[PDB]
Amino acid sequence: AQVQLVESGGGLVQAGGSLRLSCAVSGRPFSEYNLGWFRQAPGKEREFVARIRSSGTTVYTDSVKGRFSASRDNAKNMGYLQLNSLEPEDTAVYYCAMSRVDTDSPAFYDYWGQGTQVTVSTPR
Amino acid sequence: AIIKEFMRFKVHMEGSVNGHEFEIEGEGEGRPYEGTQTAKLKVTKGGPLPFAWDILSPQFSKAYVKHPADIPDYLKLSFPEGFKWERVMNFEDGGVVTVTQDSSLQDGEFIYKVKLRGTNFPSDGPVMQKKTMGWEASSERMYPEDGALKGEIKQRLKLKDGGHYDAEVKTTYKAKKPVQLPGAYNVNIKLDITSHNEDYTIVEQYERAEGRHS
């Protein structure tokens with residue numbers, strides 16, 4: 001089969017809540033790859049969120065620092081993005097992508113997941 | 001968490017068709033963002049029914065429609081409070097089915113309550129004679145109107161003798177609290193009866209539904 005990245009863990013949650021996104025990787029030696037996370041809200045351009053390098057170090061966009069956490073489990077061929085303290089402005093399709101290039105630019109990523117919808121509502 | 005990628009539901013329907021009263025209880029599950037679901041329904045009062053199951057099958061879940069990212073998923077956004085819907089099906093031979101429904105969320109599961117009235121089905125027609133064999137795939141034209149979401153379907157039932165039997169269906173969907181309505185689009189639906197006992201007092205269904213731009 002072909003290389004595949006499959007996101008899961010999205011849904012609809014109220015502001016202040018949490019979701020745990022995951023990305024299951026098949027077809028490559030996952031431990032060699034950096035895993036990046038991007039998001040696209042309707043009407044806006046896709047933007048970098050976070051990445052975890054093959055070395056285990058992490059980088060976050062400024063607007064998510066201290067709220068989102070990227071991790072990986074190489075034995076499970078899985079990357080994770082924990083979304084805490086969610087805000088309505090975090091509503092978007094979230095994508096995982098992988099590359100052996102270390103960068104925040106989407107142009108250098110080789111494989112992309114299909115995306116998982118994250119919707120954060122306000123209570124009424 | 002309000003809607004997860006896997007969700008269960010429970011459904012109760014009370015109905016009358018050509019004066020025959022009945023009740024149905026059911027349970028279902030599916031993947032709301034993938035647009036797939038199943039249900040198992042049991043006739044609990046008034047069984048066996050003297051009419052075709054197929055007129056009841058579309059009344060048993062539009063929170064499970066896969067939507068493109070740029071089409072607001074109004075019915076998902078209605079939760080946790082939920083939504084109500086009202087439907088009229090006008091069949092080609094003059095049979096009429098009117099349906100009202102309430103959808104809510106309780107302890108992590110969707111709860112559906114359905115009331116149905118069918119009238120004027122001819123005694124020798126395919127509904128009262130149980131001569132139907134499932135729906136063809138449908139495309140529902142969705143559009144905002146009057147602050148609600150409306151849908152219209154030209155629906156087609158297969159007949160056991162090889163013919164077909166049509167209905168014009170109109171539904172109004174209204175969130176309990178105001179949420180963002182979409183523009184006009186289509187929802188493609190295919191509903192299958194996957195198993196049933198001999199007298200259709202226990203029935204299992206599967207539905208796939210996906211929204212697409214016009």
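Every chain is numbered from 1 and lettered A, B, ... according to where its sequence line falls, protein lines coming before strand lines. These numbers come from the heavy atoms of this one structure, side chains and all, not from hydrogens, waters or symmetry mates.
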Within 45 degrees of the axis of the six-membered ring of A:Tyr80 and under 6.0 Å from its centre: does A:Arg20 put its NZ or CZ there? yes
Is NZ or CZ of A:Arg28 both nearer than 6.0 Å to the six-membered ring centre of A:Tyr33 and within 45° of the ring axis? no
Could you verify whether a donor N or O on one side chain and an acceptor N or O on the other, from [X] and [Y], lie under 3.5 Å apart?
X        : Y        : result
B:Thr201 : B:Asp199 : yes
B:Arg87  : B:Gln101 : no
A:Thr119 : A:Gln117 : yes
B:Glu5   : A:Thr116 : yes

Show the numbers, then the answer: is there a salt bridge (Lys or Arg N to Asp or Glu O under 4.0 Å) between B:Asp102 and B:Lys176? CA-CA 10 Å; B:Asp102 185 275; B:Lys176 291 167 180 169; 3.1 Å; yes
Using the ring centroid of each side chain, check whether B:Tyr64 and B:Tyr33 are separated by less than 6.0 Å. no
Counting the benzene-type ring for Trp, do A:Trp37 and A:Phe48 have ring centres under 6.0 Å apart? no
Side chain to side chain contact (heavy atoms under 4.5 Å, CB included) for A:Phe68 and A:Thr61? Distances and angles first, verdict last. CA-CA 10 Å; A:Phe68 295 1; A:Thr61 198; over 6 Å; no
Spacing of [atom1] belonging to [X] relative to [atom2] belonging to [Y], to within rounding of 0.5 Å:
X        : Y        : atom1 : atom2 : answer
B:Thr38  : B:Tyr206 : OG1   : OH    : 9.0 Å
B:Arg117 : B:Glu14  : CZ    : CD    : 14.0 Å
B:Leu77  : B:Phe83  : CG    : CZ    : 11.5 Å
B:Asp73  : B:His67  : CG    : NE2   : 4.5 Å
A:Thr91  : A:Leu12  : OG1   : CG    : 8.5 Å

Thinking salt bridges, do [X] and [Y] make one under a 4.0 Å N-O criterion?
X        : Y        : result
B:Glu81  : A:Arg124 : yes
B:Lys84  : B:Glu86  : no
A:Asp104 : A:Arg51  : no
B:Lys62  : B:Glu140 : yes

The residue among B:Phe22, B:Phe91, B:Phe121 that forms ring pair (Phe, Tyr, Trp, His ring centres under 6.0 Å) with B:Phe51 is B:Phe22
Taking B:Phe60 as the fixed residue, which of B:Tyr112, B:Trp53, B:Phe110 is the one that meets the ring pair (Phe, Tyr, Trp, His ring centres under 6.0 Å) rule? B:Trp53
When the ring planes of A:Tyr109 and A:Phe38 are compared, do they come out parallel, tilted or perpendicular, using 30° and 60° as the limits? perpendicular
Check step by step if salt bridge (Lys or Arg N to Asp or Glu O under 4.0 Å) holds for B:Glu145 and B:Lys150. CA-CA 7 Å; B:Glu145 183 166 275; B:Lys150 298 194 179 175; 2.8 Å; yes
Passes salt bridge (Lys or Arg N to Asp or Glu O under 4.0 Å), A:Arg100 versus A:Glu32? Steps please. CA-CA 7 Å; A:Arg100 297 199 297 171; A:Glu32 304 184 354; 3.2 Å; yes
Using every non-hydrogen atom in the two residues, find where A:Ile52 and A:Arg72 come nearest and quote the distance to one decimal. O-NH1, 3.6 Å
